[PDB]
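Written out below as structure tokens is the structure these notes cover.
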Amino acid sequence: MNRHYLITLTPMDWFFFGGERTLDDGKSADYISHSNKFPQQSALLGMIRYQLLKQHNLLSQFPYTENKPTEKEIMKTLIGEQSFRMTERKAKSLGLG
RNA sequence: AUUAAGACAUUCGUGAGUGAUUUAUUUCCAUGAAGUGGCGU
């Protein structure tokens with residue numbers, strides 16, 4: 001009913017985890033891009049959602065579509081209807097699928 | 001779907017320009033074209 005897994009990630013090559021991308025904003029990029037030693041938990045959650053959408057073959061491919069609202073419902077109940085945001089940081093549930 | 005995706009440390013570039021294997025050095029030093037007469041007593 002509620003199965004728990006342990007997921008181990010083995011780096012097969014050199015990895016790069018993004019930073020602030022800038023000490024300011026506007027249009028500037030950073031000439032030196034530094035790698036965080038750890039990814040954000042948002043990255044882990046998005047990886048889980050993407051892999052779940054890969055197992056159940058419901059992926060967003062090539063320009064743009066509307067994804068067959070029944071498929072929209074199944075994707076909502078699989079991965080949730082929304083990404084990780086800190087607006088719902090006090091919500092009692094993860095809000096995902 | 002995850003501070004994400006795309007991005008050759010690459011383009012142009014003669015190991016080239018000036019440079020006498022030249023300067024100094026006697027094929028020279030020593031050396032007899034010389035030696036001897038013979039026989040007919």
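Ligands are numbered from 1 in the order shown, residues from 1 within each chain, and chains are lettered A, B, ... in the order they appear in the structure tokens.
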
Proximity check chain A to chain B, 10 Å, nearest pairs one decimal Å, only C-alpha atoms (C1' of nucleotides), as CSV:
```
residue,atom,partner,partner_atom,distance
A:17,CA,B:3,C1',8.6
A:18,CA,B:3,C1',5.5
A:19,CA,B:3,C1',5.9
A:20,CA,B:3,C1',6.0
A:21,CA,B:3,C1',6.9
A:22,CA,B:3,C1',10.0
A:39,CA,B:2,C1',8.7
A:40,CA,B:2,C1',8.4
A:41,CA,B:2,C1',8.8
A:42,CA,B:2,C1',6.3
A:43,CA,B:2,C1',3.6
A:44,CA,B:2,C1',6.5
A:45,CA,B:2,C1',7.2
A:46,CA,B:2,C1',4.5
A:47,CA,B:2,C1',5.5
A:48,CA,B:2,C1',8.9
A:49,CA,B:1,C1',7.9
A:50,CA,B:1,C1',6.2
A:51,CA,B:1,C1',9.8
A:53,CA,B:1,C1',9.9
A:59,CA,B:1,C1',9.7
A:60,CA,B:1,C1',9.2
A:83,CA,B:1,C1',9.1
```

So that I can check the surroundings of residue 78 of chain A, please list as a PyMOL selection string every protein, DNA and RNA residue that reaches within 8 Å of it, counting only C-alpha atoms (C1' of nucleotides) and ignoring chain neighbours fewer than 4 positions away.
chain A and resi 52+74+96-97

Which parts of chain A does DSSP call helix (DSSP H, G or I) when run on the backbone here, written out as a PyMOL selection string?
chain A and resi 41-55+69-79
